[PDB]
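First structure 1, then structure 2: two forms of the same chain, each alone, as structure tokens.
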Structure 1
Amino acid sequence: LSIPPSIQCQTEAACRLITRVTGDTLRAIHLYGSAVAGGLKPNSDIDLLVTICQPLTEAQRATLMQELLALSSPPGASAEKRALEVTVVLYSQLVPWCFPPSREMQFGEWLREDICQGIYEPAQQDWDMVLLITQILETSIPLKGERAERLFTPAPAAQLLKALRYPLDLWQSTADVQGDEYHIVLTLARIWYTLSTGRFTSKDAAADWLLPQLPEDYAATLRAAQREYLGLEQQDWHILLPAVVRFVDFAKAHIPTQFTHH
């Protein structure tokens, strides 16, 4: 797998920073997500997983958070300077697996306001870490350390199922989805795709896979979500919000409850 030339400079800067702060504790840095698996759009972020051996000191946490702010920009602000998402995890949480796994920290542009004031999310449980590692074992590039298949072990299918279906419970009310309308719709398409095929695919490809299988009313909602993500039309998602809720409820009712495996 290859790093897109148009992100190499920023990725190299992020790696030099991570190396400085972590240093002796650093086990690996893996690039994953659309930059590697495909689907890198103008607003897409650069997804990075940092594996360390010991927890981050609050000095390391503060420094890494602050200095990442200078290497990252909000999505869409710049074609050259993309949004960074850096997730840090203890190796001991993955080998052997701890369920749910915990993450030491997660930098992201949606936290810029808080990070600009010394407010850092602490370590916490995150079922999504099961999905991250699973996707990394399939499609990732080691910027530092060993390839993923030599560092991590796959999770049991039983736990991958729980991680895939866990977000379905977070989305129940209008406010649970308000603000992330098309992101949630496309993510549901990816969850549906993975549970039915055992594979991971891009947001765009998951929507195309799902559209023919939906009643037209729900296909229209998925189409509007896909259309916005691709930059072809911005919708008024306050108007579409009742239809988004109906789409979420349809997915929760129809997504498989067991693998049709990875």
Structure 2
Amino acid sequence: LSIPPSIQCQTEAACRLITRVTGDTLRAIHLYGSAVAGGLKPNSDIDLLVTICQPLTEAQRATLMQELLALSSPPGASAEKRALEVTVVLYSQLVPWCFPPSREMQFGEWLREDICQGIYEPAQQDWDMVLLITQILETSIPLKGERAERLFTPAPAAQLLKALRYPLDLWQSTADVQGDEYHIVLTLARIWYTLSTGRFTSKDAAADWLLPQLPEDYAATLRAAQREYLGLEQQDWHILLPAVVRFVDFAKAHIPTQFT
């Protein structure tokens, strides 16, 4: 399990930046995502988990967000510079597990304008953490420190069910769905996929797995989302809203209530 050469230099720069700002409290830095599974696409992001022992000073938070922003560019912006996603989490939140755990910090290109404004979102509870940790137990490269397998504990099956199904109650109505249709459709495919196959690294696999099992009506909707994810075509998701709403309902009806 190796790091693709093409991201080798960008990954090292973030690593040295993180180690620099974090200094002592740094426990581990894990690489995950398309870079280790599914293969890189022009639009893939480099994904890092940063495990730390104590919380960040506001100064450090500010330094990290600013400097990451600099080492990152929007996906499909430039060759030689890829979108970064960086999640900082307190060791004490994973070991022992707090449910849901808080994440200390998150960087991503969706924060670029907020960061330009000097707006830095604070620590908060994220059920996705449970998913994330479980995901990196399946596949990750330990860029700094111990391998995930040694460092992190599962995640009782019950909580995994809780964390996967949690987003389902986010979308009751059309208004819930209205501006998030692209994210929702892919998330629904991911949840269905993981619940069915038991496999938590879902981002590249889910759609391809599910599409053959979908009646054409819904497959058409999932297909557009995938194709947008792959970055080979972009869709106007506002016109696709009613087909997405239908997708949601059909998905809530058939998505497993338990692990197969």
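Throughout, residue numbering runs from 1 along the sequence of structure 1. Whichever C-alpha set is largest while still superposing within 1.5 Å between the two forms counts as the rigid core.
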After a rigid core superposition between structures 1 and 2, the exception among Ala157, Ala175, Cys98, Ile119, its Cα shifting by 2 Å or more, is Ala175
Report task. Kindly check if the Cα atom of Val130 is displaced 2 angstroms or more between structures 1 and 2 relative to the superposed rigid core. Result -> no
With both forms fit on the core, is the shift of the CA atom of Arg61 between structures 1 and 2 2 Å or larger?
no
After superposition on the rigid core, does the Cα atom of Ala70 shift by at least 2 Å between structures 1 and 2? no
Once the two forms are overlaid on the core, the CA atom of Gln235 shifts between structures 1 and 2, in angstrom, by 2.9
Core-superposed CA shift of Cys15 between structures 1 and 2, in Å, is 0.1
In Å, the rigid core superposition gives a C-alpha shift for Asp204 between structures 1 and 2 of 4.4
